[PDB]
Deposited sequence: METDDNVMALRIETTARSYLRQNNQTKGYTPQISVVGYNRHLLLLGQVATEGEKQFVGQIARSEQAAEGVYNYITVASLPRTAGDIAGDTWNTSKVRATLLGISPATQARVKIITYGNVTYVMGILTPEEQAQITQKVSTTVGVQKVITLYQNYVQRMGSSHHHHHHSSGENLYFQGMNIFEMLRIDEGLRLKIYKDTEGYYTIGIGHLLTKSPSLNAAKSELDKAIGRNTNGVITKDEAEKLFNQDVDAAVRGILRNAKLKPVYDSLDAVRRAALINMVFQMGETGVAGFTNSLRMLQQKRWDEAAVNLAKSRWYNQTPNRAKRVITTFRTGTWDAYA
């Protein structure tokens, strides 16, 4: 859903901008849950209606909201938390907020009760600004296919040059750390190590996916030697296995092993009880978007949140 929302939005942004310049321009498409929100300033009511047909021609779109005016910025996680104090971190994760012009749009899959609460909180934070709600209540196979490599591409990023992480070390690819020394030369040599050539501090995607496989294998061995992680891992299907490998990549073997109660529920296949519980940890607090995708993967056993 992450990849389809973005994929469609850009195709609509780009095919729409093309049509406008054939009659500088202002068009913006935002995608949430395959529902699409059209933003910008067009000159005539007929063009606004034509840009809306472009979007509705997207077979994978299950809704289109045309809010183009006839002559922006998405809220970041912290700014939403400043505004939704009192709502659980889990419910805040099912909400996108955008301000385009002098309007503020609120998208999300909410209970009728949750809608009135969040609508209230947003209206009091913006004051006398217009607030548009776009709520939903509680074949198509041409898109990219999701796998574990594309999963951790969305959750960490793909870097094809040696970059410094946050801890002051050197890294490349998908979080594949090279060395904790501040010596770049030390990192460039270790980069040649795993690739076996004159990388020159640069790699291709084909040979970054080769690293990512080495990193995945390394995790799966730590997992099978850890007394708490092994039985859970063995009992789970393929997608749910990549959810677990995701958490290990993020917190290390020992970190994940501390989720005692949530692990017992996964090994017991209680998918929904395991989700309510994982959404109560510091993990959800400090990386809610990721933890929302990882946790839905655990609940559905599918690539929904990522597709």
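According to the record, no C-alpha positions are given for deposited positions 24-29, 78-87, 155-170, numbered from 1.
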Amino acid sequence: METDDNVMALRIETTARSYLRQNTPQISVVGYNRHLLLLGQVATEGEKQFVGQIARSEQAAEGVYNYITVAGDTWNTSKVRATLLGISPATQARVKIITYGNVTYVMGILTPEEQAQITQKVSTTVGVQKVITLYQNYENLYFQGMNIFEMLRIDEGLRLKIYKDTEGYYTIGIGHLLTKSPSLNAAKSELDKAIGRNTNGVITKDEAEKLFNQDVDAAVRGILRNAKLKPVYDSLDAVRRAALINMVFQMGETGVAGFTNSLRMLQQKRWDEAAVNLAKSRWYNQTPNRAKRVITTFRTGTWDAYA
From here on, numbers count along this sequence of modelled residues.
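Here the stretch with the larger average CA B-factor, out of 56-64 and 252-260, is 56-64. For the segment pair 87-95 and 186-194, the entry gives 186-194 the higher mean B-factor, averaged over Cα atoms.
Note on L160, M107, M146, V80: the highest value goes to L160, judged by CA B factor as recorded. Across the residues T133, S181, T125, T74, the deposited record lists the maximum Cα B factor for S181. Placement of the Cα temperature factor of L152 within the chain: lowest third of the modelled residues, per the deposited record. For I172, the recorded CA B-factor ranks within the highest third of the chain. Only modelled residues enter the ranking.
Annotation for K121: C-alpha temperature factor in the lowest third relative to the rest of the modelled chain, per the entry. Among all modelled residues in its chain, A274 ranks in the middle third by Cα B-factor. In the deposited entry, the Cα temperature factor of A291 places it in the lowest third of its chain's modelled residues.
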